[PDB]
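Below is one structure, written out as structure tokens; the observations come after it.
Because the Cβ atoms are built from the backbone with ideal geometry, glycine has one as well, and the counts that use them run over all protein chains shown. Each answer follows from the model by the rule given with it, or from the source it names; these are not laboratory values.
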Amino acid sequence: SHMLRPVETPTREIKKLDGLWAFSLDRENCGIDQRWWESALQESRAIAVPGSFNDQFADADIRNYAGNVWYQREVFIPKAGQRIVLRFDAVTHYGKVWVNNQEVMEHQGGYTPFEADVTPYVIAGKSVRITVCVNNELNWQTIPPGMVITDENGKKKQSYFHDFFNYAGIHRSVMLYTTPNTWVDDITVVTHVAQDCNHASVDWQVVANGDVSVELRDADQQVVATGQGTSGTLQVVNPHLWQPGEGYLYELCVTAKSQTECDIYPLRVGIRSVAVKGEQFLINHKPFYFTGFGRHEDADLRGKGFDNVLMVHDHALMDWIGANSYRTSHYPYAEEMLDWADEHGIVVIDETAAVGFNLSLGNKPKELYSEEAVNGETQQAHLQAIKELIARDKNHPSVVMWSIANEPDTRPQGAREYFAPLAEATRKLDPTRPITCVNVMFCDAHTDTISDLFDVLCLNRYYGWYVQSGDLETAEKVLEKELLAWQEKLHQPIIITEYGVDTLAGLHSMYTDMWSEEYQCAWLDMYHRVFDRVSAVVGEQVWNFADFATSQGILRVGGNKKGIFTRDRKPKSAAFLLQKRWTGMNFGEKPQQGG
Amino acid sequence: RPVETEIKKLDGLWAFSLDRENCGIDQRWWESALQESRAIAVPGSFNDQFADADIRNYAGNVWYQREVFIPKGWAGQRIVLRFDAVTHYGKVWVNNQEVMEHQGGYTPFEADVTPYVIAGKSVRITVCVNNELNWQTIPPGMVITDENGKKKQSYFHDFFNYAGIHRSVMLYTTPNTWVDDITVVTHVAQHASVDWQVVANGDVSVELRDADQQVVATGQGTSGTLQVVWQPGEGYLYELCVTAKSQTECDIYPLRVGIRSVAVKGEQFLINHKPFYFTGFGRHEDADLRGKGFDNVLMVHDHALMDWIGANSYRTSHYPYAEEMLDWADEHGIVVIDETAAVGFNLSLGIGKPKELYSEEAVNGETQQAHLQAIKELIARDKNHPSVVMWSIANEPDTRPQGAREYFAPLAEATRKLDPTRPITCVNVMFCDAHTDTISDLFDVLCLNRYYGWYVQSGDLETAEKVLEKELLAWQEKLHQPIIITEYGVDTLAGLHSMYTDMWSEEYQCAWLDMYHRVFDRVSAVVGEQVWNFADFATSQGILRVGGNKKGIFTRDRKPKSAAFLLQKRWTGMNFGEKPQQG
Ligand SMILES: CCCCCCCCC[C@@H]1NC[C@@H](O)[C@H](O)[C@H]1C(=O)O
Ligand SMILES: CCCCCCCCC[C@@H]1NC[C@@H](O)[C@H](O)[C@H]1C(=O)O
């Protein structure tokens, strides 16, 4: 449907985000049968929302549990005559909500919010019970996809194809918000600029039988433009347009009035224009250079759960290190991260949860794009995730790119058949932004067959790590050669969205061999040397802020160790190399082929 | 091995030089002092010694050199130069005259230098050491080159390819009647020990004592020697003086020997007619800073750790150890499975190339010959040791392609004919289970390497227990042979802890070593356990090695992980030489 983030005005929120819900497992799938919605928690225990249920009890048998978990919470209802709505900003994978024995709504998104209108079903003044059924399972039509395997005892074991651990549960806000019966439930805003001198910001919104008078107030509450109608444009003059450095943000207050009731919604948008020209990524008609991380929503104890201290601290670290950009790696991030990126002018490459469409990253199906794995319904679900992501992050000026999928195996015939309609559909959904598909390493420029449909070429390369293990002299030649081959092929702006190596924070060696910090430094350094002599490399993005948790494997030593920082946010030796490089260059500009 | 009744030339430092342009043999570098040399220490691998990244991985020709004074007291005696071990290949020159060469690596080679040496004046010694491996070296490998002539060596074993001079170099003197060859075989029923001898212009008079010069038998001849009437606890060993008499000079050579006879009966390993149970480690010749170089301090300390942790046996894993380890081994009476450098005969161990392992371009002809040679030398050096109870021809070979059996049968035959007094084995890899292995019948004891719960069924104890159990008792029902598990271990970061007891944590090494021990306890054919590696050790660079192999109970600087005390409780809590009665 339509997605508007709620905000306090003559509108109200009761943060049911309160922790300490009742939590229980359903190892027998008796919950849907035995009507657990009715009343009690049976044999529950205290859990905390937001937060992943896997790491929260230090029980291994819970963290690998694959099935149905039950959340439970009684709450009181203060808003009368207002539309009361129950919003879940994120319930990872599947969630079915119940308000006092009655199914309200359900979702199969994972990292996208879903809400429901509960005005008839509640009465402001008495209690009410909310029971959530959260499913953490992945089959071939989920985004991301997976394979759940039962064995001889019927015990479910979830296997997937991405790297990060499949943290599940309620990860973001659960809120009970309250809006007048004539609401402003959808908005779209597109901005243009000409020579940083003047241009318009077209408006568009959806009401509940009310008219929309829209004003454009300033950063100090000064009206600069008005407008009367459901559509149309409106022009500023000599704007304070949104730059990657500062990030100026106008406050467009929209009004939807009825003959009796009225609703006012303030929506912050910044004037900026993002486009791709040849091999240049232009923000406000200036060629840009991306620097920063591909991070994860990962932490100790809470898993993929959200928390504010992590936001302010992580943004302080990136702010110190000189990073100006990041990419919401492998799933839509919490909207709060994108609000911060909006105010602080942080350019973001947004991505969907489509990751793992690849069976070469080592009882696996034998054809990746057959009916037994990634079929038409996988394509429908992928288009769904695109729809929801764009419908949530469409107005945020910090998003400059949509990324449909991550590292798909494109060698087999049919990858183009699967991905081309999704490129067409995404271009038809949001024309204001470039589109991309992050490229796997074993699909170099001479075997890929998908990168033509996208505006920006994103690359994940690990020459010298997975291949040429320990060889810098050779990985330099290979890396430079394939980079110039991508240039000779597509003449596109090339952002390296992943490049990193594993490093035991504390492992040193005089020989600068793999897994030591000296190898991380020398490796990133050589990669930077190659980066500086390719004209079409419009951005670099290291593989990963900090070490994150992965599934158990013989390649993951307590998870992925390719982070610049540790899981507790401590810098390895390479963090200060990146400090020197990024903070030493001119902001938003590519190095002049050398310092 | 020399004694007397010498000047150990390995003292101090040698001149060391690299040959990147490969000019040495052509420009005759041995006939002069090494131009642009630097000090190097023997014994010790040259790779780790200088903290130089380029020196560590260098593949080519290296040059050692050292002047020495030949003592005046050796006027009319034969002067012999002995290299206890020069890893992979070595060509030795003595003062403008080429004396010797050897492609062994982990076994000694000596040469008579009496003419080329005049005792009293200083002579120079130049050694050319090669660290290259092709398909005819033991272990095998293959070198690759490109533009700029940069040579890059790739091999198929795990441990890092350390090279150089790894053990002492001796310069011993014997009278002109020497005892070049000696053999001794001991028997025991419910006995004695035949003697042997090879000499030049000298007769053989053999006597043997016990504690001190207290002869308790004698014999005059090159056969028989039987008379009056060695344990894994203490290790009682008699002293056998051999005498070679000539008209002018006489020679006396003392050889310690322990009375013992090893034999396999059904599914039991009998040392002195008693069922045994193997406990201990499969270790390595690896250390901080010195590579595979030998050192007495390390031997004393590691033997202290093995004594404390309750180990009674170990296997000289993947190459012949320094013979000092075996002298200590029969001194304190620790059971040793001796093994050749035959490792890496497998193309299936891929971190994630010819087309068939037993083709002509890889493993055929000189490969089989030189393997038989590594056998002949290992046996010709370690035959008399009572601590050696087992022969081990090869380790983890791929026996699935066509032609593996045709390869391994003749080696088993010749090796058995060479030393019939000891059982023989071949440690097979994990990818070849009971239904696919085709060689385990040729050998007396079957050796197993198993990693259920690590490489396959990664992190799942509940099923790896079943697979290990089924595979084990299926082996037992299949061949009805004694099965020693010679490798079972999992990697572990020394300081990584985890409440969930998942992989790489010490809790997972503890819980993973435990389940394997219960499945061990419910199987009658398992005649021993040897946790994979004693200490973490250096390997080649891969994405599966976090600064080497972390499958050690101890770290590289010999510091214990959480499993060291678990195993010290298990091995010393049971009775010595006995297996638990299924619990
Ligand atoms: C057959 C050739 C394979 C080439 C190597 C592919 C490496 C893919 C790297 C992986 N790319 C995806 C990212 O989420 C992971 O964290 C990253 C990693 O594992 O470090
Ligand atoms: C089904 C087989 C899956 C792969 C099993 C690989 C077992 C190889 C055993 C290897 N054997 C050689 C030894 O030096 C090494 O330490 C050990 C290892 O892995 O580290």
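Couple of notes before you dig in:
- Scanning the range A:529-541 for residues that are part of a helix (DSSP H, G or I) and over 24 Å from A:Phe288 (Cβ atoms) turns up nothing.
- Within the span defined as the range B:502-523, one or more residues are over 29 Å from the mean Cα position of the chain (by Cα), within 12 Å of chain A (Cβ to nearest Cβ) and among the polar types (S, T, N, Q).
- Subset of the range A:334-380 (residues that are out of contact with any helix residue (DSSP H, G or I) (no Cβ under 9 Å at 6 or more places or on another chain) and within 16 Å of ligand 1 (Cβ to nearest atom)): A:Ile349, A:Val355, A:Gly356, A:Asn358, A:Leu359, A:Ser360, A:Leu361, A:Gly362, A:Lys364
- Within the range A:8-25, the set of residues being assigned to a strand (DSSP E or B) and not hydrophobic (A, V, I, L, M, F, W, C) comprises A:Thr9, A:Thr11, A:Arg12, A:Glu13, A:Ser24.
- Test: residue in the range B:535-552 that is more than 16 Å from ligand 1 (Cβ to nearest atom), in contact with a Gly (Cβ under 9 Å, 6 or more places away or on another chain) and farther than 30 Å from A:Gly464 by Cβ: no
- Hits in the range A:547-582 - residues which are within 14 Å of chain B (Cβ to nearest Cβ) and small (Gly, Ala, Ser): A:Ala549, A:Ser551, A:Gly553, A:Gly558, A:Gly559
- Answer residue from the range A:269-319, given it is surrounded by 18 or more Cβ atoms within 10 Å (Cβ to Cβ) and of a type in the set (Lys, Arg) and is nearest to the chain's Cα centre (by Cα) among those: A:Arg295
- Meets criteria (over 20 Å from A:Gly31 (Cα atoms) and either in a strand (DSSP E or B) or not polar (S, T, N, Q) (or both)) for A:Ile149: yes
- Residue tally, condition within 21 Å of A:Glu335 (Cα to Cα) and over 24 Å from the mean Cα position of the chain (by Cα), over the range A:20-55: 0
- If only residues of the range A:298-331 that are away from chain B (no Cβ under 14 Å) and among the acidic types (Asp, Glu) are counted, the one that is farthest from ligand 1 (Cβ to nearest atom) is A:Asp319.
- Test for A:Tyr527: is it within 13 Å of ligand 1 (Cβ to nearest atom) and among the hydroxyl-bearing types (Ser, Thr, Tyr): no
- Close contacts from the range A:340-365, counting a first residue that is not assigned by CATH to the domain that holds A:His162 and away from ligand 2 (no atom under 16 Å from the Cβ) and a second that is outside any loop (DSSP other than H, G, I, E, B) and charged (D, E, K, R), with Cβ to Cβ under 6 Å and a gap of 6+ residues or different chains, come to A:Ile349/A:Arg327; A:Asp350/A:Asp393.
- In this entry, B:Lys383 is excluded by the filter for residues that are away from every other protein chain (no Cβ under 14 Å) and within 16 Å of ligand 1 (Cβ to nearest atom).
Listed here are the residues, each with its yes/no results for (1) under 22 Å from A:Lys387 (Cα atoms); (2) not small (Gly, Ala, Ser).
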residue: A:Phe76; (1), (2): no, yes
residue: A:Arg87; (1), (2): yes, yes
residue: A:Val99; (1), (2): no, yes
residue: A:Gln102; (1), (2): no, yes
residue: A:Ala124; (1), (2): no, no
residue: A:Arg129; (1), (2): no, yes
